[PDB]
């Protein structure tokens, strides 16, 4: 839908809500909105005010100490898009010292074109972590939200969700604005074109929200431009773009320029026309034409001078630099001081970089996020007419991240007067400064203690002297190092080389953990001896990153370093397979589990495992198990530097004074390949096994195998293996001696230790007798003596290693009465 | 004895030994001896040369690259004392690049008056660690002996020793010069007066060695002065002291002055007389008198100007400063650069400190051992006529130990032109620099970046703002901290306080281990809230040193610190006495040993120990010990700082923009006091004991006692306690049933389990029977059945817990045949 | 006594009171409030001059 | 090529050779040998001028 | 540190003044003595 | 490290060149490869 209402260019409301009524008819704001400094206000005075008509803010929104305000859900229920043409300290929405605020309430915000959001020191605001700034902004990392109620307190983020949720770092979370509304999230096919509640994609030109999908006539905010409701990407003539958000007829711009001309408002601009754009003033190379409002190109190279108040301007924010946008010649001096933490290269290059000459000096102090000075794209000449105090033209102080000053393969520069000045730039190096001095042409304009040697690049390896490695080769376990000798012009200044080495998982490692080792400087060969060094201890088959840096006393420093060379050592034998556990589920199936060794030290080609048969314990055969006690088992530095320097200086003094000028057992085995487990079949019942477990990580070039691991596995017995089979034959002598015959269970559960014979006569009781192995052998079974006359019912129980077998069926034998 | 021979003033021998013959008649040397630069020489050319006459060297001895020399024991067999009036780079004996030297050989050196010894880079010299420099020099720590054969190699120090030995650090070692001679060490009663071979003390005036003890007439070197052999402490008139080692008649000094006057030697001095001293020139305030050689005081304040070549002089050694001794006004500039490691305050104060005005500038660069600039005792004015490059008058650079500049309570200073300059003085602080600026009067002569704020005193706590502690009190286990609030002029700059604490054994601890903890800055009270902090974990009853230092961002720095306050926490209970071991040696004596607990946590007042009686194991009574199986037991940061600064700067920008100006069971116990052991008496034989060991470190204010420690102790049995006593009465029934009666050993070795009765008839064998506790109780003894007719010899063996008792005597009883 | 941000607003509306702070138009001078009262000490009149009606 | 202490003596007595180094008397100028050959490069003639006879 | 045991710290920092229970600020967070001093009210 | 085991280092730093025995410089001192390279002579 169109925007019915006065555009009402941006204003601010202070000291009373009676000034808030100017927005009674406002669909858009061509400016910035500031509501701040409200003290004598109460929440009872805010329940009535509401502005459903407000849709889009051009510049920014700032709220600063508005007492009594608890939520904006009643103030701006239709704030869709904040254009952010000009920011407030590189911020598009600032909410500062916002006492009494509970929830943000901006449940209609969709897209912020340019800028960031800084909300802090509210002391009462929650419902912040329950929002998704990724779909709102374009650079989330530039946000700044601290010192709210969310962190130090625990304001419960109770909200429907029902409402859509999304991941942030590693978990999903609902994205809700207030207790009743939530952020509208719809499929990514409409990146920014908007989408209806159902999910239909809006028009491509459209933005944020729309009523009729794929219809620019019924949109609420369209990204490109605006004209007569039915907005288009770029309006045709005779309509010229205005303020980067809408276009109007030439008559509008002409009468606005006439109004500014005749009414000498101090803030009015003589608007001109240049490429269908009613801009405040066209850039350098064009002149205001009295006849027609457009500025034709001039027949002369006249730049657009940029006069500066009091000859100075501090650049500490995007909005500070934006005042120089389009300017090309500065009639003053620039001091850059960006106290940040987020780089501003993009916006600085967009606003600056069109300047060519600086009348005064350029000063860079305390700036942090500046990684380079490349944003001065077209900086050519520094006149230095307004010289800095101390007679300087270039400055540098406490730049923590000034890496590169300029690219001198292509860039040009010129300094007229003054001298350079660099101090405490740990990421800037003297090579770049000396290139500064050579290219500028102020070589003879330098003095002592203007470019500190010990502060610039103190933590940046940039001595720019390369060192090669002669030859290296790695063995099974260790590695030998050797490199070409290096000597400064005065060889006594070399105190030895630093060696840096660490394990690098992947092919890239940061340059300057990092274990180091001292190296004794080599003897003066004056044949040359390569210094070399031998490492001590390492983890085999790992990627190692090594490099050597010389260490030379500061007298000019002429150190040297080597490239980061990655050296791969060899593999070795593995360790014991971790956690060797063997289990049995079936009579012949035993399942053994293991884990790969803690240090495999090589690609495990196969596992060599052996299962071995054992005999029953020798002492078991010689132990009787009917005797009482028959429990059968149920089987600090500066001093050294000064010492060197003192030795050198005494030698120098001596030389000065003295000299004057004239006037196998085949246990079954299997190569377990690509498996940390094994299942074995075909095992005897109730028989133990000795399992020898070992691993190898190399097969074809000889089996490089680990040590053996011993575990014990025992199988369960069969069902009816211990029962006595065969007839129970008995021999009766003249003394009624019963000599029992029975065939032993040739395949028992380990071994049968004893037998329990229970013979009972009709009306008599049950007797027992032990039949040990020696008893069963020497007597060839049992030998009963002294049996009363009558027929006895005999049950025999066989006692094996597993336990007592099933009783034999009652056998009846009749002796004479 | 006297010195027969020409004094032969000091010379040097180079390039041939044919110049070494000038010392054919030389008992003393009034100068320095230098033998150096010998290349075409061989050891075969050194066996002949010997100088037994040389006794004392005035200045120093230097040997530099004398090839073919292997030992000085044949060159200087009588070098007794080196006076060291003037040194060679603050060294009295230099041996440098001394190839082919094996042993020093100076077996006659006794005392070096002033200086040190530097021997290095010989590559062949050993027999160095076998010497005692303490009896030779007066300042051993000023020596410098490195890079010899002694360290990198293992030249065997085989020597007699026989020869005296002495301790150095923790062990004795013989002190030998060569393989045949050793350092002469004699009792300390003769500190330096000398002593004969037997041990008799020499004369008090004498020094080093003497022939007749307590006789100055027969000495070889006397410390004070010399005259006509029989030297005296101070020769009377008309003899005037000469060159601080001897005195001569006035005629000698007069003719020497005349010789220097008429013969215009460039090095000769017009010797004068001043206080019976033929000195080269008397100090400021005296004028050369043509009539008589002494210089009378003048009627005018004319100082002794000290003209300097090329207006500069570098002070890097004692001998460099000695050239200015006696000088008071410098017609040039002084640059002090002492690359050292040993302080030179004493000698610098002796030589310097008499200077008052400096025409040019004074520069101090790279000096290390200088702890203060107090050696400029009478420095008053710095004219600065010859200004330093960059227009400076005072300099400072890389002074690692410049603590204090001057004592401003009494000292005065004056600087005419130039400006101060301080950089990289980690031990010097801005307070002293500003006091310099105020006292000098050059306050308006300063510019930016001449006195770096971040380099001077960066590692010296000197913000000189004191912080008090409100109240503290320490409990049984922990301690609470609280102090008065502090606020810089801009309160946003306070990021919190640093807390430093460590355990200090004794009352003194170094100021700035040292565990630290971050403190959150307190809320703005605008009643004031004391910040305070609580400790977490400590070792009780220990002396703790605590102090708090504020941490404020650099914008002027206005930090604050507190005094080192020592807080003593309280004591607690001790631990278990370490290694509780109990042993027994006698029937009633059990000796138990223990160690004090690892953490006593208190003065151990006494040990509370209990021994308790136990009963025999219940299952023992119910266990039969004749059954088979009878085994009876034989019983990184800058990001946070920038976050704070960025928050502050955004708040400042907001304030700038918004506001505009208008137009108990009694087990016996004993309190073991002051003993880690105990011996207990009166214990039953063969009875165990349960020992409960515990310790207490507090008695009168309630017994603060540790936990109990349980150990087991068993006593040995008696001699004849298990033997059966009383007659072996037997009752015989009609069935010849023998019922044995015997009285049990009421006090046995624990308990008797069984009995072994062995009755044997004449010609029969021995029988056995078990008599268990139940057998002995129910049957009231033993009950034998079925004994063959005849008289049996009965031996009874009692089986107790200890073992089998002695057999009873053969008892004979006759049954009817 | 110097006063800085945070508490500067608290001091304001108390020294000024009742009436607010005037505002005409932006019309940077860089002498606004911080380098008047925070960096250097400022008196009552320099706060009163930021009022609206008087 | 610059040469410094230690090896400076080795270079001497080879460039000079046979004859030694002259010595008259101390008669500090501070341009002796180190700032002629160690700090800055020095040629053959500057070493030859330290000989005795020539 | 948690409830029951934590009472010693409150009696340490408050003495003979007493306190009301609430451990959620020390079992998971760090005891900074700022909450402890205001836990006990006169 | 000491004799017997130390031979691997000499074969490492000398290869197929061989060496003569002498351990007194590595059992108590530190092996800096300066002595090892000169231990084996061609």
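Residues displayed in chain F correspond, in order, to Swiss-Prot positions 32-53, 67-86.
Method of determination (from the header): electron microscopy, 3.6 Å.
The backbone N, Cα and C atoms fix where each Cβ goes, and this holds for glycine too.
According to Swiss-Prot, the features are:
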- F:33-F:71: disulfide bond (DISULFID)
- F:45-F:84: disulfide bond (DISULFID)
- F:48: site 'Important for interaction with integrin' (SITE)
- F:70-F:75: disulfide bond (DISULFID)
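Swiss-Prot feature annotations superimposed on the structure.
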residue: F:33; record: disulfide bond; contacts (Cβ under 8 Å, 6+ apart): F:67, F:70, F:71
residue: F:45; record: disulfide bond; contacts (Cβ under 8 Å, 6+ apart): F:80, F:81, F:83, F:84
residue: F:48; record: site 'Important for interaction with integrin'; contacts (Cβ under 8 Å, 6+ apart): F:84, F:86
residue: F:75; record: disulfide bond; contacts (Cβ under 8 Å, 6+ apart): F:32, F:40, F:69
So which of the recorded positions F:33, F:45, F:48, F:70, F:71, F:75 end up next to chain A, with Cβ to Cβ under 8 Å? F:75
Helix, strand or coil at residue F:45 (disulfide bond) [DSSP, three-state]: helix
Return the whole-number Å distance between the Cα positions of residue F:53 and residue F:67, the residues flanking a gap of 13 unmodelled residues. 6
What number of additional C-beta atoms lies within 10 angstroms of the C-beta atom of residue F:70 (disulfide bond)? 17
Within 10 angstroms of the C-beta of residue F:84 (disulfide bond), the count of other C-beta atoms across all shown chains comes to 15
According to DSSP, collapsed to three classes, what secondary structure does residue F:84 (disulfide bond) have? coil
Other C-beta atoms within 10 angstroms of the C-beta of residue F:71 (disulfide bond) total 11
Reading the DSSP string in three states, the entry for residue F:70 (disulfide bond) is coil
